[PDB]
Amino acid sequence: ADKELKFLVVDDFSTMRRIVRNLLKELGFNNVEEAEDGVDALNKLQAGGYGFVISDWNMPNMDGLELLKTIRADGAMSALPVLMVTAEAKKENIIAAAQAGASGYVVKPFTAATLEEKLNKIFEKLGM
Amino acid sequence: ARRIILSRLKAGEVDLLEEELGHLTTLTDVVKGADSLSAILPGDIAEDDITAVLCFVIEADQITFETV
Ligand SMILES: [Mn+2]
């Protein structure tokens, strides 16, 4: 996967947003932008040129499931890879993620090795 | 009840997929083969939902469902 691939980290808490960014840097990814919620994310995606979205589940205005759904139904970024970050491997939440078209899900707190595993499975799965 | 069968799994995938199945339902008669995993599903979860979940890891063609 191209190391200058552009990431968008979406979370309502600035600390988690920073953690994820540092983790992506530990993995050799430095082209990263942040967003505070679903709405803010859709707005930033408009700029285009994004190759990856990592998003949290719980957020005001627009949560992660809704952001994912909007991404998928958007004919111009419809195939953009999206990794859902969740605080619990909850049965009902994992199905929703799967059916909504998520590229995968990861339970926080997560490690850098876990993230790499998650990224590679998605890259591999999409021939990246 | 019904039977699920998972094939051509790589190293680690048997445990990983057993756990993944855990989060979604209660499995009985679990059989952990070297690169395969089979089990009896209670029926409380729609099969399509399962496929969608396991596909976070494997491919659909590696998943099969059948009556016991
Ligand atoms: Mn949150």
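General remarks:
- Test result for A:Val39, within 15 Å of the ligand (Cβ to nearest atom) and within 14 Å of chain B (Cβ to nearest Cβ): no
- Residue in region A:87-108 that is surrounded by 14 or more Cβ atoms within 10 Å (Cβ to Cβ), over 30 Å from B:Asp44 (Cβ atoms) and away from the ligand (no atom under 16 Å from the Cβ) present: no
- Region A:60-82 - residue that is within 16 Å of the ligand (Cβ to nearest atom) and surrounded by fewer than 23 Cβ atoms within 10 Å (Cβ to Cβ) and, of those, nearest to the other protein chains (Cβ to nearest Cβ): A:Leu65
- Filter result for A:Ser55 (surrounded by fewer than 19 Cβ atoms within 10 Å (Cβ to Cβ), within 13 Å of the ligand (Cβ to nearest atom) and more than 14 Å from chain B (Cβ to nearest Cβ)): no
- In region A:71-104, the residues that are closer than 29 Å to B:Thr25 by Cβ and polar (S, T, N, Q): A:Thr86, A:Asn93, A:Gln99, A:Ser103
FYI, it's all coordinate maths here, none of it is from the lab. Virtual Cβ from ideal backbone geometry, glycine too; neighbours counted across all protein chains shown.
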